[PDB]
Amino acid sequence: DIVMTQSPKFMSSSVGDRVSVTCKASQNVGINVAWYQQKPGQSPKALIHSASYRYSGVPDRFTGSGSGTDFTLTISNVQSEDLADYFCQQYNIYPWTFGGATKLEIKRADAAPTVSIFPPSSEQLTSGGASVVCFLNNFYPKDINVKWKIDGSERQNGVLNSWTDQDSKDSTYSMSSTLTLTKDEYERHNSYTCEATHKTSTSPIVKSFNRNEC
Amino acid sequence: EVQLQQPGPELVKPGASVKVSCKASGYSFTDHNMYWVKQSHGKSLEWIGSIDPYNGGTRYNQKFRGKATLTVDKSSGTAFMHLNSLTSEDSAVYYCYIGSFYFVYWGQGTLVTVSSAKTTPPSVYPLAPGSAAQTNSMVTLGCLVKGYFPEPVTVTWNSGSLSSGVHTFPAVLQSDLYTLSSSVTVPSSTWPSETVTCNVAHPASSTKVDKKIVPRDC
Ligand SMILES: C[C@]12CC[C@H]3[C@@H](CCC4=CC(=O)CC[C@@]43C)[C@@H]1CC[C@@H]2O
């Protein structure tokens, strides 16, 4: 089976820059190589066939080159909407095979997270459980840390975190953090605190509520 | 216009079989071979095989021979992929697609989960700001979609007419149950005065829930 080896695995580019992805075939495949774009939660979209023929409807900023074993996808004047995985495929010989995806991140100015904390809903409380949610929204770059405190004490068990793919519109990232406790532990404490630490500031963005308190 | 319609998500027990369909329309069915492709979470794509509706001939990736069987029913324009002896290694989105020099069209894919764990509908919890409020700003609201199996759920806000400001976070799996959240950000002058509702669909359990976000009661 032909092995398609793609590089780099991750690439980061400002809008307007020129990115290129390479695809190396383990054996000669002539020009029967295609390039694909796949945005998150979407089906793959063909960009290029026969190594250099752009499909109808694809922007002319996408170009393909190469022959034999070395193939290259070029994106001129990169745009924020170009954020996606990219991968090649050879269809010279059966089985058809695919390169591993290259993830393209678009660069943007740093942004501090927007932090919000939410107490458990009354309907969750009626079922004996209590989840405290904290959103850290629309920040750049992607690295971020979150800390929970209960009545001022750090709390490490029972937290589950999740991160979005880069936003298609503003090229930022978001993260959700959920602290889950029994209704009993939640009702034995008063103060609930979410702290976000991001390179935009040396000071954590702190967000809190008290279980009482109109 | 060309369409390849694949059915919705499937949960199957280990050792069982699944038959995924791909219904074609908007073009002459025998004009194009139908390719099948596997996408496992975070892995690349694998060509499984193809079938040619014109003559019924099939071609298989040798790694999938004995496991996939491709058929077509020309009378309804439907291609089928049968997969036997399933294990958790087979959990993936399975795609059908067609192509030429002139276009390429993929179906939406059919997520197949191979697991022993049972279907469990989500519990859906509104996330409203604690009595804090604000003036002339944005307010972020949320929805907690907790304790469901299998993937996926779909979350929209105001039946999908609220688009910008929305973040739906990837689910987390803990002890055979998924949990996700979604946030929406709207001007404070529009909520609570205008309604904001989270719509959660869980096709595996036939669950449809609309959770209106209401201000917290002190
Ligand atoms: C391989 C491919 C599907 C099959 C296509 C191929 C472009 C060339 C082509 C022309 C044909 O008439 C037969 C199908 C094929 C062989 C497509 C390029 C990308 C897509 O995945």
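Every chain is numbered from 1 and lettered A, B, ... according to where its sequence line falls, protein lines coming before strand lines.
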Donor-acceptor contact present, side-chain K67(B) to main-chain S85(B), <3.5 Å
yes
For the backbone of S176(A) and the side chain of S162(A), can you confirm whether one donor and one acceptor N or O come within less than 3.5 Å of each other?
no
Kindly say whether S203(A) contributes a backbone atom to a donor-acceptor pair with the side chain of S201(A) at under 3.5 angstrom?
yes
Pairwise side-chain contact, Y60(B) with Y94(A), heavy-atom cut-off 4.5 Å (strictly under)
no
Polar side chain donor-acceptor pair, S174(A) to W163(A), under 3.5 angstrom
no
Can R61(A) and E81(A) be counted as an ion pair, charged N to O under 4.0 angstrom?
yes
Sub-4.5 Å side-chain heavy-atom contact between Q166(A) and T172(A)
no
Using only heavy-atom distances, determine whether the side chains of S25(B) and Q3(B) contain a donor-acceptor pair under 3.5 Å.
no
Beyond-backbone contact of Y86(A) with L104(A), side-chain heavy atoms, under 4.5 angstrom
yes
Any salt bridge linking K142(A) with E105(A)? Criterion: basic side-chain nitrogen under 4.0 Å from a carboxylate oxygen.
yes
Where do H202(B) and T120(B) come nearest, in terms of heavy atoms and distance?
CE1-O, 3.5 Å
What I'd like to find out is whether the side chain of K9(A) reaches to under 4.5 Å of the side chain of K103(A), using heavy atoms alone.
no
For the side chain of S26(A) and the backbone of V3(A), is there at least one donor-acceptor N/O pair under 3.5 Å apart?
yes
Heavy-atom donor-acceptor pair, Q6(B) side chain to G109(B) backbone, under 3.5 Å
yes
Please round to the nearest 0.5 Å and tell me the distance separating atom OG of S181(B) and atom CE of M175(A).
10.0 Å
Centroid separation under 6.0 Å, is that true for the rings of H49(A) and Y55(A)?
yes
I want to check something: taking the side chain as every heavy atom from C-beta on, are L162(B) and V186(B) in contact at a cut-off of under 4.5 Å?
yes
So do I117(A) and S208(A) actually touch side chain to side chain, heavy atoms under 4.5 Å?
no
Spatial distance of atom CD (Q174(B)) from atom OG1 (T179(B)) [nearest 0.5 Å]
7.5 Å
Ring geometry between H198(A) and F139(A) (parallel below 30°, tilted from 30 to 60°, perpendicular above 60°)
perpendicular
State, to 0.1 Å, how close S52(A) and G64(A) come at their nearest heavy-atom pair, and which atoms those are.
CB-O, 3.1 Å
Please give me the minimum heavy-atom distance between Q124(A) and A130(A), naming the atom from each residue.
NE2-N, 3.6 Å
Just checking, is any N or O donor in the side chain of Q39(B) or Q38(A) under 3.5 Å from an acceptor N or O on the other one?
yes
Any salt bridge linking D17(A) with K107(A)? Criterion: basic side-chain nitrogen under 4.0 Å from a carboxylate oxygen.
no
Non-hydrogen atoms of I213(B) and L127(B) that approach each other most closely
CG2-O, 3.7 Å
Assess whether a salt bridge exists between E185(A) and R155(A), defined as any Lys/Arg side-chain N lying under 4.0 Å from an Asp/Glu carboxylate O.
yes
For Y125(B) and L125(A), indicate whether the former's side chain and the latter's backbone hold a donor-acceptor pair under 3.5 Å.
no
Any donor-acceptor pair under 3.5 Å linking the side-chain atoms of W157(B) with those of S182(B)?
yes
Should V2(B) and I98(B) be marked as a side-chain contact (heavy atoms from CB on, under 4.5 Å) after you check the CA-CA gap, both sets of side-chain angles, and the distance that decides it?
CA-CA 10 Å; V2(B) 173; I98(B) 59 177; 4.2 Å; yes
Centroid-centroid distance, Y192(A) to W148(A), less than 6.0 Å
no
Give a yes or no answer on whether the side chain of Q6(A) reaches the backbone of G100(A) with a donor-acceptor pair at less than 3.5 Å.
yes
Does a donor on one side chain sit under 3.5 Å from an acceptor on the other, for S153(A) and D151(A)?
no
Gap separating the OG atom of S131(A) from the OH atom of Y186(A), nearest 0.5 angstrom
11.0 Å
Stacked cation flag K38(B) on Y94(B), 6.0 angstrom / 45 deg:
no
For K211(B), I'd like to know if atom NZ has over 12 heavy atoms of other residues, nucleotides or ligands within 6.0 Å.
yes
Checking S205(B) against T119(B): is there a side-chain donor and acceptor pair closer than 3.5 Å?
no
Look at the rings of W106(B) and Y95(B) and say which category their plane angle falls in: under 30° parallel, 30 to 60° tilted, over 60° perpendicular.
perpendicular
Ring centroid separation for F169(B) and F135(A), is it under 6.0 angstrom?
yes
Under a 4.5 Å cut-off applied to non-hydrogen side-chain atoms, are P14(B) and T87(B) in contact?
no
Output for pair (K212(B) NZ, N158(B) CG), nearest 0.5 Å, gives 11.0 Å
Check ion pair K199(A)-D110(A) (N to O, under 4.0 angstrom):
yes
Check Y140(A) against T200(A) and note the closest heavy-atom contact, atom names and distance.
O-CG2, 4.1 Å
Please confirm whether the backbone N or O of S7(A) pairs with a side-chain atom of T22(A), one donor and one acceptor, at under 3.5 Å?
yes
Distance, nearest 0.5 Å, that separates CG of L160(A) from OG1 of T178(A):
7.0 Å
Distance-only side-chain donor-acceptor flag, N138(A) / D170(A), under 3.5 Å:
yes
Measure the CE-OG distance between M138(B) and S116(A) for me, rounded to the nearest 0.5 Å.
11.0 Å
Is a side-chain donor-acceptor pair under 3.5 Å present for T156(B) with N199(B)?
yes
Do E123(A) side-chain atoms and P126(B) backbone N/O form a donor-acceptor pair below 3.5 Å?
no
Does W35(A) have its ring centroid less than 6.0 Å away from the ring centroid of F71(A)?
no
Derivation and outcome, side-chain contact (heavy atoms from CB on, under 4.5 Å), residues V172(B) and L180(B)
CA-CA 6 Å; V172(B) 178; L180(B) 62 80; over 6 Å; no
For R18(A), is there any backbone N or O sitting under 3.5 Å from a side-chain donor or acceptor partner on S76(A)?
no
Minimal non-hydrogen separation, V214(B) against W191(B), with atom names
C-CZ2, 3.9 Å
Return each pair, listed once, that meets side-chain hydrogen bond (donor to acceptor under 3.5 Å, both in side chains) where at least one residue sits in residues 136-145 of chain B; pairs must be two or more places apart or across chains.
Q134(B)-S137(B), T140(B)-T185(B)
Show your working on side-chain contact (heavy atoms from CB on, under 4.5 Å) between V133(A) and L179(A) and close with a plain yes or no.
CA-CA 6 Å; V133(A) 173; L179(A) 174 52; over 6 Å; no
Surrounding NZ of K39(A) (heavy atoms of other residues, nucleotides or ligands, distance under 6.0 Å), is the total greater than 12?
yes
